[PDB]
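The structure under discussion appears below in the form of structure tokens.
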Amino acid sequence: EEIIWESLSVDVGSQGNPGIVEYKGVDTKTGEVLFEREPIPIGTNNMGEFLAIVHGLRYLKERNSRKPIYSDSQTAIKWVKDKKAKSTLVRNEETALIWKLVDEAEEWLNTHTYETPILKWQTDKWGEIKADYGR
RNA sequence: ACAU
DNA sequence: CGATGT
Ligand SMILES: [K+]
Ligand SMILES: [K+]
Ligand SMILES: [Mn+2]
Ligand SMILES: [Mn+2]
Ligand SMILES: [Mn+2]
Ligand SMILES: [Mn+2]
């Protein structure tokens, strides 16, 4: 219905899919960039969307914030709920880094608790999520 | 189909 | 047009 402005919005950006992946989190109200991950040479859109949510969970937990997280990724929201990122990306030498980060994100989810609501950003009604890369 |  | 996912 309405945008919860008191929230964190996250998104992936990429050069190719699979390709170079990065992500960031922004204050939904102001657009202030709160975190940005250094580009990862090969990953998928969904792996990056997943890492962005998990990073958001960790960022908010560390700061004792109860804000929700918005993501525009149906897939990544489900992977976080399941604590399991069901990516199809080949596990090989060139994908080792993204897969390490994904495995470590799952590991964090499996060893920590959170109440953070993870909400679908309704692009069809609200436009692009505020963390979008404009590309 | 829906979401990226 | 191609891709990643449920
Ligand atoms: K989108
Ligand atoms: K498809
Ligand atoms: Mn997105
Ligand atoms: Mn794993
Ligand atoms: Mn985007
Ligand atoms: Mn885009």
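Below, chains carry the letters A, B, ... as their sequence lines are ordered, and counting in each starts from 1.
- Here A:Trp108 pairs with A:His112 under the side-chain hydrogen bond (donor to acceptor under 3.5 Å, both in side chains) rule; sequence neighbours left out.
- Residues from residues 7-34 of chain A placing a heavy atom under 4.0 Å of any atom in DNA chain C, listed by number, are A:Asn17, A:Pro18.
- Linking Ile, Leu, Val, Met, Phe, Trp and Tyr residues whenever their side-chain heavy atoms come within less than 4.5 Å leaves A:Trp121 and A:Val10 in two separate clusters.
- For A:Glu115, the salt bridge (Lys or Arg N to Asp or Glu O under 4.0 Å) partners at least two apart in sequence or on another chain are A:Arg66.
- Atom CG of A:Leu34 and atom NE2 of A:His55 lie 9.5 Å apart (nearest 0.5 Å).
- In the region residues 120-135 of chain A, proximity to DNA chain C at under 4.0 angstrom, judged on heavy atoms, holds for none of the residues.
- Members clustered with A:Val12: A:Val21, by chain and number, using a 4.5 Å side-chain heavy-atom cutoff among hydrophobic residues.
- There is a path of hydrophobic side-chain contacts, each under 4.5 Å, that joins A:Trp79 to A:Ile40.
- Residues A:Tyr70 and A:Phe50 fall into different hydrophobic clusters, defined by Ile, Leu, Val, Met, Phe, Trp and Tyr side chains chained together at heavy-atom separations under 4.5 Å.
- Residues satisfying the side-chain hydrogen bond (donor to acceptor under 3.5 Å, both in side chains) test with A:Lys100, not counting sequence neighbours, are A:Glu104.
- Between A:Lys67 and A:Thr116, every side-chain heavy-atom pair lies at or beyond the 4.5 Å cut-off.
- Relative to the ring axis of A:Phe35, A:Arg37 does not place its NZ or CZ within 45° and under 6.0 Å from the centre.
- Judged purely by atom type and a 3.5 angstrom limit, A:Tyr23 has no side-chain atom pairing as donor or acceptor with the backbone of A:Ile53.
- Residues from residues 88-110 of chain A lying near DNA chain C, meaning a heavy-atom separation below 4.0 Å, are A:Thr88, A:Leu89 in numerical order.
- One hydrophobic cluster holds both A:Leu89 and A:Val102 under the rule that ILVMFWY side chains link at heavy-atom gaps under 4.5 Å.
- First and last contacting nucleotides of RNA chain B toward chain A (any atom under 4.0 angstrom from a heavy atom, 5' to 3' order): B:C2 to B:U4.
- By the side-chain hydrogen bond (donor to acceptor under 3.5 Å, both in side chains) test, A:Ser9 pairs with A:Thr28, sequence neighbours left out.
- In this structure A:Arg91 satisfies the side-chain hydrogen bond (donor to acceptor under 3.5 Å, both in side chains) test together with A:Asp103, sequence neighbours excluded.
- Contacts with DNA chain C (heavy atom under 4.0 Å) in residues 35-53 of chain A: A:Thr44, A:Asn45, A:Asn46, A:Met47, listed by number.
- Its side chain within the 4.5 Å cluster rule, A:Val26 clusters with A:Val33 among the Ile, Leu, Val, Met, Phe, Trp and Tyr residues.
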